[PDB]
>>> print(open('start.cif').read())   # mmCIF, C-alpha atoms
data_my_file
#
loop_
_atom_site.group_PDB
_atom_site.id
_atom_site.type_symbol
_atom_site.label_atom_id
_atom_site.label_comp_id
_atom_site.auth_asym_id
_atom_site.auth_seq_id
_atom_site.Cartn_x
_atom_site.Cartn_y
_atom_site.Cartn_z
ATOM 1 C CA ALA A 3 -33.835 -9.756 15.273
ATOM 2 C CA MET A 4 -36.378 -11.323 12.901
ATOM 3 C CA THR A 5 -34.613 -14.708 13.146
ATOM 4 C CA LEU A 6 -30.969 -13.671 12.676
ATOM 5 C CA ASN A 7 -27.767 -15.707 12.981
ATOM 6 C CA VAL A 8 -25.063 -14.032 15.084
ATOM 7 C CA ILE A 9 -21.388 -14.926 15.573
ATOM 8 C CA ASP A 10 -19.664 -12.966 18.347
ATOM 9 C CA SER A 11 -16.142 -12.329 17.064
ATOM 10 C CA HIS A 12 -14.882 -10.906 20.389
ATOM 11 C CA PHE A 13 -15.936 -11.839 23.923
ATOM 12 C CA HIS A 14 -14.276 -12.592 27.256
ATOM 13 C CA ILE A 15 -14.881 -14.863 30.240
ATOM 14 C CA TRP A 16 -13.025 -14.998 33.545
ATOM 15 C CA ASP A 17 -13.294 -16.037 37.189
ATOM 16 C CA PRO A 18 -11.722 -13.585 39.680
ATOM 17 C CA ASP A 19 -11.165 -16.351 42.262
ATOM 18 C CA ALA A 20 -9.434 -19.013 40.152
ATOM 19 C CA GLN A 21 -7.681 -16.464 37.905
ATOM 20 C CA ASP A 22 -5.481 -13.438 38.595
ATOM 21 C CA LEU A 23 -6.336 -10.403 36.463
ATOM 22 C CA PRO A 24 -4.308 -7.337 37.530
ATOM 23 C CA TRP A 25 -6.210 -4.877 35.320
ATOM 24 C CA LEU A 26 -9.402 -5.777 37.223
ATOM 25 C CA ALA A 27 -8.307 -3.643 40.190
ATOM 26 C CA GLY A 28 -10.194 -0.371 40.450
ATOM 27 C CA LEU A 29 -13.070 -1.880 38.417
ATOM 28 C CA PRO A 30 -15.495 -3.363 40.977
ATOM 29 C CA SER A 31 -18.176 -3.541 38.264
ATOM 30 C CA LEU A 32 -16.304 -6.409 36.564
ATOM 31 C CA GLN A 33 -15.005 -8.337 39.611
ATOM 32 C CA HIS A 34 -17.484 -11.164 39.054
ATOM 33 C CA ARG A 35 -17.476 -14.604 37.460
ATOM 34 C CA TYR A 36 -18.511 -14.501 33.791
ATOM 35 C CA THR A 37 -19.299 -17.696 31.883
ATOM 36 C CA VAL A 38 -20.221 -18.459 28.287
ATOM 37 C CA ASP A 39 -23.725 -19.356 29.500
ATOM 38 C CA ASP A 40 -24.165 -15.789 30.768
ATOM 39 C CA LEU A 41 -23.430 -14.497 27.264
ATOM 40 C CA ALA A 42 -25.828 -17.049 25.760
ATOM 41 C CA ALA A 43 -28.623 -15.805 28.031
ATOM 42 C CA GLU A 44 -28.109 -12.265 26.717
ATOM 43 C CA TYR A 45 -28.487 -13.395 23.101
ATOM 44 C CA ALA A 46 -31.588 -15.323 24.192
ATOM 45 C CA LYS A 47 -33.233 -12.085 25.344
ATOM 46 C CA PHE A 48 -32.480 -10.561 21.931
ATOM 47 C CA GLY A 49 -34.206 -13.368 20.022
ATOM 48 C CA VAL A 50 -31.196 -14.101 17.815
ATOM 49 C CA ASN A 51 -29.747 -17.512 16.958
ATOM 50 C CA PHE A 52 -26.417 -17.461 18.808
ATOM 51 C CA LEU A 53 -24.044 -19.629 16.760
ATOM 52 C CA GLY A 54 -21.113 -19.178 19.157
ATOM 53 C CA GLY A 55 -18.349 -16.743 19.961
ATOM 54 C CA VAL A 56 -14.628 -16.149 19.532
ATOM 55 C CA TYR A 57 -12.776 -16.032 22.842
ATOM 56 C CA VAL A 58 -10.015 -13.441 23.225
ATOM 57 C CA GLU A 59 -7.318 -13.595 25.895
ATOM 58 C CA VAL A 60 -8.211 -11.669 29.046
ATOM 59 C CA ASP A 61 -4.608 -10.569 29.794
ATOM 60 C CA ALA A 62 -4.315 -13.022 32.676
ATOM 61 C CA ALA A 63 -1.273 -13.175 34.935
ATOM 62 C CA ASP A 64 -0.730 -16.913 34.333
ATOM 63 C CA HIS A 65 -1.098 -17.518 30.600
ATOM 64 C CA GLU A 66 -0.523 -21.254 31.089
ATOM 65 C CA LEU A 67 -3.529 -21.360 33.423
ATOM 66 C CA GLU A 68 -5.615 -19.527 30.816
ATOM 67 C CA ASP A 69 -4.587 -22.093 28.193
ATOM 68 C CA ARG A 70 -5.674 -24.982 30.427
ATOM 69 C CA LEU A 71 -8.934 -23.393 31.599
ATOM 70 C CA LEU A 72 -10.030 -22.943 27.979
ATOM 71 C CA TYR A 73 -9.223 -26.490 26.922
ATOM 72 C CA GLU A 74 -11.266 -27.801 29.859
ATOM 73 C CA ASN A 75 -14.099 -25.432 28.833
ATOM 74 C CA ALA A 76 -15.549 -27.674 26.116
ATOM 75 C CA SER A 77 -18.650 -25.522 25.609
ATOM 76 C CA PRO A 78 -19.759 -25.747 21.948
ATOM 77 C CA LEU A 79 -20.387 -21.980 21.997
ATOM 78 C CA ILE A 80 -16.610 -21.321 22.058
ATOM 79 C CA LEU A 81 -15.936 -21.445 18.322
ATOM 80 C CA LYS A 82 -12.368 -20.097 18.348
ATOM 81 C CA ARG A 83 -9.788 -19.313 21.032
ATOM 82 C CA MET A 84 -7.424 -16.354 20.691
ATOM 83 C CA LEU A 85 -4.760 -16.965 23.333
ATOM 84 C CA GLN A 86 -1.825 -14.686 24.079
ATOM 85 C CA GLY A 87 1.776 -14.910 22.930
ATOM 86 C CA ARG A 88 4.796 -13.016 21.653
ATOM 87 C CA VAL A 89 4.954 -12.904 17.855
ATOM 88 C CA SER A 90 8.140 -14.499 16.503
ATOM 89 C CA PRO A 91 9.065 -17.255 14.017
ATOM 90 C CA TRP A 92 9.977 -19.340 17.086
ATOM 91 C CA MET A 93 6.960 -18.455 19.249
ATOM 92 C CA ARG A 94 5.303 -20.755 21.782
ATOM 93 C CA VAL A 95 1.716 -21.292 20.589
ATOM 94 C CA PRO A 96 -0.818 -23.274 22.658
ATOM 95 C CA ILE A 97 -1.666 -26.500 20.860
ATOM 96 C CA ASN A 98 -5.390 -25.770 21.355
ATOM 97 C CA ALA A 99 -5.165 -22.129 20.219
ATOM 98 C CA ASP A 100 -6.797 -21.027 16.967
ATOM 99 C CA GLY A 101 -4.970 -17.681 16.952
ATOM 100 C CA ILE A 102 -2.703 -15.334 18.873
ATOM 101 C CA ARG A 103 -3.057 -11.842 20.327
ATOM 102 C CA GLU A 104 -0.034 -9.918 21.573
ATOM 103 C CA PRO A 105 -1.105 -7.109 23.941
ATOM 104 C CA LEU A 106 0.665 -4.213 22.220
ATOM 105 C CA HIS A 107 1.004 -1.888 25.233
ATOM 106 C CA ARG A 113 7.621 0.725 21.616
ATOM 107 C CA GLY A 114 7.975 0.142 17.883
ATOM 108 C CA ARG A 115 7.154 -3.544 18.246
ATOM 109 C CA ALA A 116 5.480 -3.813 14.832
ATOM 110 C CA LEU A 117 8.687 -2.631 13.119
ATOM 111 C CA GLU A 118 10.919 -5.377 14.530
ATOM 112 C CA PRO A 119 11.922 -8.029 11.959
ATOM 113 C CA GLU A 120 11.065 -10.914 14.294
ATOM 114 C CA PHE A 121 7.511 -9.556 14.437
ATOM 115 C CA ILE A 122 7.291 -9.491 10.633
ATOM 116 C CA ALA A 123 8.854 -12.952 10.364
ATOM 117 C CA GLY A 124 6.472 -14.163 13.064
ATOM 118 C CA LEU A 125 3.504 -13.015 10.985
ATOM 119 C CA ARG A 126 4.651 -15.203 8.086
ATOM 120 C CA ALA A 127 4.986 -18.190 10.427
ATOM 121 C CA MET A 128 1.427 -17.738 11.721
ATOM 122 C CA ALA A 129 0.196 -17.257 8.160
ATOM 123 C CA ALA A 130 1.667 -20.595 7.072
ATOM 124 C CA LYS A 131 -0.012 -22.216 10.106
ATOM 125 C CA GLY A 132 -3.466 -20.701 9.595
ATOM 126 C CA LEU A 133 -3.220 -18.546 12.728
ATOM 127 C CA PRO A 134 -4.927 -15.132 12.537
ATOM 128 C CA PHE A 135 -3.488 -12.244 14.527
ATOM 129 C CA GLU A 136 -5.580 -10.065 16.845
ATOM 130 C CA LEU A 137 -4.383 -6.446 16.658
ATOM 131 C CA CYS A 138 -5.175 -4.317 19.725
ATOM 132 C CA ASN A 139 -2.969 -1.228 19.886
ATOM 133 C CA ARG A 140 -2.841 2.471 20.761
ATOM 134 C CA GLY A 141 -4.356 5.312 18.758
ATOM 135 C CA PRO A 142 -1.326 6.993 17.169
ATOM 136 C CA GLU A 143 0.548 3.721 16.551
ATOM 137 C CA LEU A 144 -1.805 2.580 13.761
ATOM 138 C CA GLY A 145 0.595 3.993 11.165
ATOM 139 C CA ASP A 146 3.333 1.464 11.905
ATOM 140 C CA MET A 147 0.770 -1.363 11.999
ATOM 141 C CA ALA A 148 -0.185 -0.635 8.397
ATOM 142 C CA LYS A 149 3.418 -0.984 7.212
ATOM 143 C CA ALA A 150 3.870 -4.167 9.258
ATOM 144 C CA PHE A 151 0.923 -6.086 7.790
ATOM 145 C CA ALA A 152 1.578 -4.656 4.318
ATOM 146 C CA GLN A 153 4.746 -6.768 4.181
ATOM 147 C CA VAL A 154 2.749 -9.872 5.179
ATOM 148 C CA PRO A 155 -0.520 -9.774 3.176
ATOM 149 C CA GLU A 156 -0.997 -13.538 3.642
ATOM 150 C CA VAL A 157 -1.618 -13.296 7.409
ATOM 151 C CA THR A 158 -5.150 -12.659 8.666
ATOM 152 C CA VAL A 159 -5.182 -9.537 10.855
ATOM 153 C CA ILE A 160 -8.247 -8.484 12.858
ATOM 154 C CA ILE A 161 -8.290 -4.837 13.958
ATOM 155 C CA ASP A 162 -9.745 -4.804 17.476
ATOM 156 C CA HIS A 163 -12.205 -2.115 18.571
ATOM 157 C CA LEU A 164 -12.118 0.016 15.396
ATOM 158 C CA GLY A 165 -8.362 0.472 15.816
ATOM 159 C CA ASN A 166 -8.771 2.361 19.125
ATOM 160 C CA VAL A 167 -8.668 5.606 17.127
ATOM 161 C CA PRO A 168 -9.511 8.921 18.839
ATOM 162 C CA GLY A 169 -11.510 10.270 15.896
ATOM 163 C CA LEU A 170 -11.163 11.660 12.365
ATOM 164 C CA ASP A 171 -7.416 12.229 12.510
ATOM 165 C CA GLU A 172 -5.524 12.828 9.282
ATOM 166 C CA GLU A 173 -3.022 10.175 10.384
ATOM 167 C CA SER A 174 -5.642 7.694 11.612
ATOM 168 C CA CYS A 175 -7.774 7.954 8.464
ATOM 169 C CA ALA A 176 -4.661 7.315 6.362
ATOM 170 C CA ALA A 177 -3.717 4.247 8.412
ATOM 171 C CA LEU A 178 -7.242 2.799 8.373
ATOM 172 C CA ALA A 179 -7.326 3.264 4.590
ATOM 173 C CA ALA A 180 -4.047 1.384 4.094
ATOM 174 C CA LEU A 181 -5.226 -1.580 6.176
ATOM 175 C CA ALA A 182 -8.494 -1.739 4.222
ATOM 176 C CA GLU A 183 -6.409 -2.343 1.079
ATOM 177 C CA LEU A 184 -5.007 -5.623 2.459
ATOM 178 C CA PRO A 185 -6.728 -8.829 1.289
ATOM 179 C CA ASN A 186 -7.021 -10.517 4.716
ATOM 180 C CA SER A 187 -7.638 -7.538 7.015
ATOM 181 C CA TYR A 188 -10.716 -7.308 9.232
ATOM 182 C CA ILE A 189 -12.003 -4.708 11.687
ATOM 183 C CA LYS A 190 -14.365 -5.082 14.649
ATOM 184 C CA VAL A 191 -17.080 -2.561 15.523
ATOM 185 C CA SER A 192 -16.772 -2.465 19.313
ATOM 186 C CA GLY A 193 -14.517 -1.032 22.019
ATOM 187 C CA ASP A 194 -14.309 0.036 25.658
ATOM 188 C CA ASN A 195 -16.661 2.931 24.804
ATOM 189 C CA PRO A 196 -19.898 3.318 22.837
ATOM 190 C CA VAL A 197 -18.882 3.453 19.186
ATOM 191 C CA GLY A 198 -19.063 6.816 17.458
ATOM 192 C CA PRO A 199 -21.378 7.133 14.452
ATOM 193 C CA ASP A 200 -18.698 9.119 12.605
ATOM 194 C CA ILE A 201 -16.052 6.412 13.044
ATOM 195 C CA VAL A 202 -18.430 3.566 12.159
ATOM 196 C CA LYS A 203 -19.580 5.257 8.944
ATOM 197 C CA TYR A 204 -16.017 5.832 7.726
ATOM 198 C CA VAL A 205 -14.994 2.271 8.628
ATOM 199 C CA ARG A 206 -17.846 0.695 6.650
ATOM 200 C CA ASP A 207 -17.071 2.711 3.510
ATOM 201 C CA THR A 208 -13.312 2.133 3.349
ATOM 202 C CA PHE A 209 -13.283 -1.481 4.565
ATOM 203 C CA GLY A 210 -16.469 -2.577 2.802
ATOM 204 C CA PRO A 211 -19.285 -4.906 3.866
ATOM 205 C CA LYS A 212 -17.115 -8.036 3.508
ATOM 206 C CA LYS A 213 -14.375 -7.143 6.029
ATOM 207 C CA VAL A 214 -16.370 -5.878 9.029
ATOM 208 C CA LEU A 215 -17.048 -8.155 12.006
ATOM 209 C CA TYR A 216 -19.749 -7.891 14.654
ATOM 210 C CA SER A 217 -18.187 -7.685 18.115
ATOM 211 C CA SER A 218 -19.839 -7.285 21.519
ATOM 212 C CA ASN A 219 -16.703 -6.928 23.696
ATOM 213 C CA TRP A 220 -18.731 -8.603 26.443
ATOM 214 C CA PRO A 221 -18.632 -8.179 29.381
ATOM 215 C CA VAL A 222 -16.425 -5.084 29.076
ATOM 216 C CA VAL A 223 -19.246 -3.401 27.125
ATOM 217 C CA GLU A 224 -21.167 -3.240 30.432
ATOM 218 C CA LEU A 225 -18.641 -0.704 31.798
ATOM 219 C CA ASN A 226 -19.227 2.482 29.774
ATOM 220 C CA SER A 227 -22.360 1.214 28.001
ATOM 221 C CA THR A 228 -24.722 -1.780 27.923
ATOM 222 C CA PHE A 229 -24.920 -4.920 25.804
ATOM 223 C CA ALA A 230 -28.540 -4.062 24.992
ATOM 224 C CA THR A 231 -27.501 -0.510 24.096
ATOM 225 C CA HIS A 232 -24.569 -1.713 21.981
ATOM 226 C CA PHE A 233 -26.424 -4.587 20.304
ATOM 227 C CA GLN A 234 -29.387 -2.371 19.403
ATOM 228 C CA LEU A 235 -27.103 0.296 17.925
ATOM 229 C CA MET A 236 -25.607 -2.407 15.688
ATOM 230 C CA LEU A 237 -29.068 -3.466 14.526
ATOM 231 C CA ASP A 238 -29.881 0.156 13.661
ATOM 232 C CA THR A 239 -26.586 0.806 11.857
ATOM 233 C CA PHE A 240 -26.188 -2.423 9.861
ATOM 234 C CA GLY A 241 -29.610 -4.028 10.074
ATOM 235 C CA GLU A 242 -30.044 -7.781 9.744
ATOM 236 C CA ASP A 243 -26.849 -8.172 7.725
ATOM 237 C CA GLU A 244 -25.722 -11.781 7.335
ATOM 238 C CA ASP A 245 -22.169 -10.757 6.415
ATOM 239 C CA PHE A 246 -21.703 -8.410 9.377
ATOM 240 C CA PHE A 247 -23.180 -10.857 11.903
ATOM 241 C CA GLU A 248 -21.782 -14.251 10.849
ATOM 242 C CA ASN A 249 -20.482 -14.599 7.291
ATOM 243 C CA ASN A 250 -17.478 -12.278 7.615
ATOM 244 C CA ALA A 251 -16.380 -14.133 10.757
ATOM 245 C CA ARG A 252 -16.593 -17.469 8.924
ATOM 246 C CA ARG A 253 -13.913 -16.253 6.496
ATOM 247 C CA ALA A 254 -11.700 -14.343 8.943
ATOM 248 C CA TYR A 255 -11.491 -17.064 11.611
ATOM 249 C CA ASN A 256 -12.157 -19.940 9.156
ATOM 250 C CA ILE A 257 -15.232 -21.109 11.075
ATOM 251 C CA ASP A 258 -16.619 -24.227 9.389
#
>>> encode(input="start.cif", output="structure tokens")
Amino acid sequence: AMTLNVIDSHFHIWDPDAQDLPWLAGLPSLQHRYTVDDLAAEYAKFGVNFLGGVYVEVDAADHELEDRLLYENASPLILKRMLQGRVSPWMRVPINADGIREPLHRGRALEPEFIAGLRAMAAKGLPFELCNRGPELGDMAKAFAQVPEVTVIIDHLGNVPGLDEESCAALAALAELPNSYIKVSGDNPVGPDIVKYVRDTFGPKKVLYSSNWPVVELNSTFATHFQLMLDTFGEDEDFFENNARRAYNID
């Protein structure tokens, strides 16, 4: 925190009144309005130079409303916008979207229209946000191996359960791709064992800092998560801003 530049590669904002989020039921801790200014105030307490964040789709009921609400949110702190869509070489992409995330709930990654859709996004400069199940990481590796020219960002350390012989083999295959990236975050406090294996196989150039705010305030705390990152990586310029400048092409 001794003057450090930070780029948040994964954060969310929503308003439970204007928007309809079905997954918010049963979670009264998150049924509040979250703005980009609230995230900026957290980075102000930590004494870091917040250079902006990468918005990720909040799985809203009306995706067209989410597209409009994020155009009208002209805050300079929103560096990139990862809106939702269905991957295909004929997919509808928001004209203001910098990338696409398909909520992979189903061998979707093995369908040819998904592979062909990756090539279309690659030719358009659109990175893909990969958020999947634990055991399904094996098929993801074969999918993005056919399209090495698309930028894939593995969300939340791949959502792996632990040191599985199948998960370690899938995470090692993805680390061999030239444009693959992995985020150190998740809906739970990250495990030291998983983080150590991810840093070794992926390397210091393909690991992104991610807060997962404000979901990190469910099973953990932003202060708890952000401090654990400072202890694990230290004041690393690549982990905190430089790797995100190459993954998301942040000028």
>>> closest_residue(input="start.cif", among="A:102, A:35, A:3, A:17", to="residue 238 in chain A", atoms="all atoms listed in the file")
A:3
>>> atom_distance(input="start.cif", atom1="CA of residue 119 in chain A", atom2="CA of residue 91 in chain A")
9.9 Å
>>> residues_around(input="start.cif", residues="range 138-146 of chain A", least_positions_apart="3", cutoff="12 Å", atoms="only C-alpha atoms", output="ChimeraX atom specification")
/A:12,58-59,61,86,102-107,113-118,122,135,149-153,159-181,189-190,192-194
>>> closest_residue(input="start.cif", among="A:188, A:216, A:45, A:16", to="residue 253 in chain A", atoms="all atoms listed in the file")
A:188
>>> residues_around(input="start.cif", residues="residue 243 in chain A", least_positions_apart="4", cutoff="10 Å", atoms="all atoms listed in the file", output="list in words")
residues 6, 7, 8, 211, 216, 236, 237, 239, 247, 248 and 249 of chain A
>>> closest_residue(input="start.cif", among="A:241, A:221, A:156, A:254", to="residue 33 in chain A", atoms="all atoms listed in the file")
A:221
>>> closest_residue(input="start.cif", among="A:85, A:42, A:197, A:127", to="residue 231 in chain A", atoms="only C-alpha atoms")
A:197
